[PDB]
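> Here is the input, now give the coordinates:
(one chain, ligands or ions: 4)
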Amino acid sequence: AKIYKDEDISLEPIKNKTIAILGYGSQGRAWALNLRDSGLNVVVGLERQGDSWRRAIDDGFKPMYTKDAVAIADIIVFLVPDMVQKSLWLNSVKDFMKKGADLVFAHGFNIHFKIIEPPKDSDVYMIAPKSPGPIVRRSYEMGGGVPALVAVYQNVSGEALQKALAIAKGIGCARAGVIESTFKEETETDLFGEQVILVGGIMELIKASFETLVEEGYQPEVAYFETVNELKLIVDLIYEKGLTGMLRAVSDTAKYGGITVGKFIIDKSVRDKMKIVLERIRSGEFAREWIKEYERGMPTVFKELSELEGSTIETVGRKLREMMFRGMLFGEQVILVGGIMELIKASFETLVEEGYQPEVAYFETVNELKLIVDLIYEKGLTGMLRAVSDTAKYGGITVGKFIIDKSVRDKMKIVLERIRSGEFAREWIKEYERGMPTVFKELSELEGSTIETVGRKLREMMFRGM
Ligand SMILES: NC(=O)c1ccc[n+]([C@@H]2O[C@H](COP(=O)([O-])OP(=O)(O)OC[C@H]3O[C@@H](n4cnc5c(N)ncnc54)[C@H](OP(=O)(O)O)[C@@H]3O)[C@@H](O)[C@H]2O)c1
Ligand SMILES: CC(C)NC(=O)C(=O)O
Ligand SMILES: [Mg+2]
Ligand SMILES: [Mg+2]
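Residues are numbered from 1 along each chain as shown. Ligands and ions are numbered 1, 2, ... in the order given. Please see the structure below:
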C-alpha cells in the first residue's frame, strides 16, 4: 500500500476552510494545537465551560459553544467520546451545521455501527491517528509525528480523500506515514488492538509480572522497576528493528528463553481468544455491550480507574518515578521478551489472517505499543489509561483479563522458579549442545515472516526524515 508522507500531500484542499474541533480532550487538544501550528483555521466547539474549556483558554483558544462553532464551520470534527457523539450530533450539530459541511471522525465506531446516519450531501471521512492523543501533540512539537489511517465513508465533493490526507498532514501524521483504509477496517482493527494488546493486554501483562515478582520475594520497588524498564527496552528494540532486531540484541540464552517461554506463556489458546474478541467486535456485540454500560453510567470504568489509582502497583510506581526524577533479573528478561514477542506476534497475525492490511496491523499492534509503553514508563498505568478513549478503557478493562488470564501469572511463576534454581541455565546449556536448533529455526521463520518483511519496509519509510 502507498504510505503517504509530507511530500505527497498538499494542504491546499483545506487552506481556507474553518475547521471546528468539537471537544478538547485527548485527541481534541492535540488536533487543535497541531492544526493551528500548521497554519490552518481552527475553532474549538464545546457544550459546557468545564475542564476542557479552561484548558483550551489556557492554550490561547476562545472556544465557542458547539452550535455556534458548527454554524460557521466548513469541516466539523467529532473529538468527543464515542458514546457522546450521537447526542451531540442530534442536539447541537445536525440542525445547526452549514449545509454541505464535512463531517470528520477520528474513529469509525459511530458511522460503521450506524449510530449516526449523516446527511447525503456532506463528505464524511476520517483521520485515525495510531497513537494516544498526548503523543499526537508531543511528536508534532518535537518535529515528528505518528502514523494514521485515513478513510472516506461518503464522498460528495469528489475530494474527500485529499481533504483527509490534508488534515493528516496538518496534525503531523504524514511526517511518519498515512495509509488509506476504510471505516470498517479502522473500527475493527482499532477496537481489537486496544482490547487485546495496547490497553488490555499490556496492562494485565505488567500487573502479572509485578505480582509474580512480588510473590517470589522481590521488594515492590524492584518488581516495578524490573518490569517496566525491561518492557521499555524490549518494545523500543522492536519499534526500531523488529522482532529479529530485538532478538539479535539480546544474548543467545535470552533468545532461547524468550522463544520457548513466550509460546508457553502465550499459547494457542490465546490466539483462539483473540479471534473470539475480534468476532465479538465484528458482530456488533462489543458495541451493544459498551452502549449498555455507558447508559448505566460507565460504572465498570469508574470503578476500575479508582481501584487502579489507589492500587499497590500504582503507588509504588509513583514513588519510584519520583525518586528517579529527584536523582535517587534474568527470569524477568525472558518472561517479558517471550510474553511481549508472542503477544505482538499473535495480535498481528490475527489481523493479517482475518484479511486486514498488514500495514494497518503493524501500526496498530507493533508500532503503537511503543507509544503506549512510553506513556506507561513516564506516567504509570493510570497516566496511560487517562490518555486513551473511554471506548478503549472499557475494552481494556473487560478484555485484558480474558487475554491475560490468571493462569498467566501461574505460568510466570513456574518459569521464574526454573530460572532461580539454575534449572533454566542447565536447559540453555543443553539446547546449546544440540547447536541451538530452536533458535536458528525461529530466526529462519521470522526472517521470511509477514510481520518482519512488512515491518522492515514500514520502519524504513517512517524513519525517513523523522
Ligand atoms: N484517546 C485517544 O488517544 C484516541 C486515539 C485515536 C482516536 N480516538 C478517538 O478520538 C475521538 C475522541 O476521543 P478522546 O478520547 O480524544 O475524547 P475525550 O478525551 O474523552 O473527550 C473529552 C472532550 O469531550 C467532552 N465531553 C465529555 N463528555 C461530553 C458530553 N456528555 N457532551 C459533550 N461533550 C463531552 C469534554 O468536555 P468537558 O471537559 O466539558 O467534559 C472534552 O472536551 C473518539 O472517536 C475516539 O475513539 C481517541
Ligand atoms: C490505545 C489507544 C490510544 N488507542 C485508541 O484507539 C483509543 O484510545 O481508543
Ligand atoms: Mg487506536
Ligand atoms: Mg480506539
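> okay, CA-based contacts and neighbour counts for the rest of this
Fine.
> got the residues of this structure near ligand 2?
Residues of the chain lying close to ligand 2 (CA under 6 Å from any ligand atom) are 131-132, 190, 194, 198-199, 388-389, 391-392.
> host element of residue 242?
helix 220-249 (DSSP states H and E).
> so what does that helix touch, helix or strand wise?
Helices and strands touching helix 220-249, by 3 or more CA pairs under 8 Å, 6 or more residues apart in numbering; DSSP states H and E, are helix 200-215, helix 312-325, helix 330-353, helix 368-387, helix 437-447, helix 450-463.
> how far is it from where the chain is centred?
Averaging C-alpha positions (CA atoms, centre = their mean, to the nearest Å) puts helix 220-249 17 Å from its chain's average.
> so what secondary structure elements neighbour the following helix or strand past it?
Where DSSP H and E defines the elements, the next helix or strand beyond helix 220-249 is helix 252-265. Contacts defined by 3+ CA pairs under 8 Å, 6+ apart place helix 252-265 against helix 330-353, helix 406-420, helix 423-433, helix 437-447.
> May I have the third one exported as CSV, CA atoms only?
Taking C-alpha atoms only, helix 423-433 is exported to CSV below (Å, rounded to 0.1, in the frame of the first residue of the first chain):
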residue,chain,number,x,y,z
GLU,A,423,17.4,-25.2,36.0
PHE,A,424,16.9,-22.7,33.2
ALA,A,425,20.7,-22.4,32.9
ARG,A,426,21.1,-26.3,32.5
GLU,A,427,18.3,-26.2,29.9
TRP,A,428,20.1,-23.5,27.9
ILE,A,429,23.4,-25.2,28.2
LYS,A,430,21.8,-28.3,26.7
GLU,A,431,19.9,-26.8,23.6
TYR,A,432,23.2,-25.2,23.1
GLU,A,433,24.9,-28.7,22.8
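> Just the angle for it relative to helix 406-420, thanks.
Per axes from the mean of the first three to the mean of the last three CA atoms, to 10 degrees, the angle that helix 423-433 makes with helix 406-420 is 80 degrees.
> residues in contact with helix 423-433?
Applying CA atoms under 8 Å, 6 or more residues apart in numbering, the set of residues contacting helix 423-433 from outside is 253, 256-257, 418-419, 437-438.
> do that again at 6 Å, thanks
Contacts with helix 423-433, where a contact means CA atoms under 6 Å, 6 or more residues apart in numbering, come from residue 418.
> Can you redo the helices and strands packed on helix 252-265 as a markdown table, where the extra columns are mean neighbour count?
Below are these laid out as a markdown table (neighbours: other CA atoms under 10 Å):
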| stretch | mean neighbour count |
| --- | --- |
| helix 330-353 | 23 |
| helix 406-420 | 17 |
| helix 423-433 | 14 |
| helix 437-447 | 14 |
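> How about the residues of the stretch 251-400 of the chain by ligand 1?
Counting by CA under 6 Å from any ligand atom, the residues of the stretch 251-400 of the chain lying close to ligand 1 are 387-390.
> and the stretch 51-200 of the chain, which residues reach ligand 1?
For the stretch 51-200 of the chain, the residues in contact with ligand 1 (CA under 6 Å from any ligand atom) are 51-52, 79-82, 84, 106-107, 128-129, 131-133.
> Return the subset of those lying in helices.
Among these, the residues falling in helices (DSSP state H) are 51-52, 133.
> Looking at the residues you listed, which one is closest to ligand 2?
residue 133 (6.7 Å; CA to the nearest ligand atom).
> Just the element for residue 179, please.
Element membership of residue 179, judged by DSSP H and E, is strand 178-180.
> meant to ask about residue 140
Element membership for residue 140, per DSSP H and E: helix 133-141.
> counting contacts, what elements does that helix pack onto?
helix 26-37 (3 or more CA pairs under 6 Å, 6 or more residues apart in numbering; DSSP states H and E).
> Give me the angle between the helix or strand following the helix it packs on and helix 26-37.
Proceeding N to C from helix 26-37, the next assigned helix or strand is strand 41-46, under DSSP H and E. Compare the direction of strand 41-46 with that of helix 26-37 by the same axes, to 10 degrees and you get 150 degrees.
> just checking, what packs against strand 41-46?
Short answer (3+ CA pairs under 6 Å, 6+ apart): strand 41-46 packs on strand 18-22, strand 64-65, helix 66-71.
> Distance to residue 332 and mean neighbour count for these - can I get that in CSV?
CSV is the format used below for the helices and strands packed on strand 41-46 (distance: least, CA to CA, whole Å; neighbours: other CA atoms under 10 Å):
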stretch, distance to residue 332, mean neighbour count
strand 18-22, 44, 27
strand 64-65, 51, 18
helix 66-71, 50, 22
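> so which of the ones you listed gets nearest residue 116?
Among the helices and strands packed on strand 41-46, the nearest to residue 116 by CA to CA is strand 18-22 (15.7 Å).
> hang on, the earlier thing: which pair in the residues of the chain next to ligand 2 spans the largest distance?
For those, the maximum inter-member distance is 14.4 Å, found between 131 and 391 (CA to CA).
> The two - which one has more neighbours?
Shown here are residue 131 and residue 391; by other CA atoms under 10 Å, residue 131 has more neighbours (27 against 20).
> what's the neighbour count on the nearest residue to the more buried one once chain neighbours are set aside?
Using CA to CA, 6 or more residues apart in numbering and skipping residues adjacent in sequence, the residue nearest residue 131 is residue 368, 5.8 Å away. For residue 368, the neighbour count with other CA under 10 Å is 23.
> next one: residue 310
Neighbours of residue 310 (other CA under 10 Å): 11.
> now residue 176
Using other CA under 10 Å, residue 176 has 25 neighbouring residues.
> Please determine how far the closest residue to it other than its chain neighbours is located from residue 161.
Among residues not flanking residue 176 along the chain, residue 462 sits closest, at 4.8 Å (CA to CA, 6+ apart). From residue 462 over to residue 161 the distance is 21 Å, taken as CA to CA, to the nearest Å.
> on that earlier part again, put the buried members of the residues of the stretch 51-200 of the chain next to ligand 1 into a PyMOL selection.
Filtering those down to the buried ones (16 or more other CA atoms under 10 Å) takes a single PyMOL command:
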select buried, resi 52+79+80+82+106+107+128+129+131+132+133
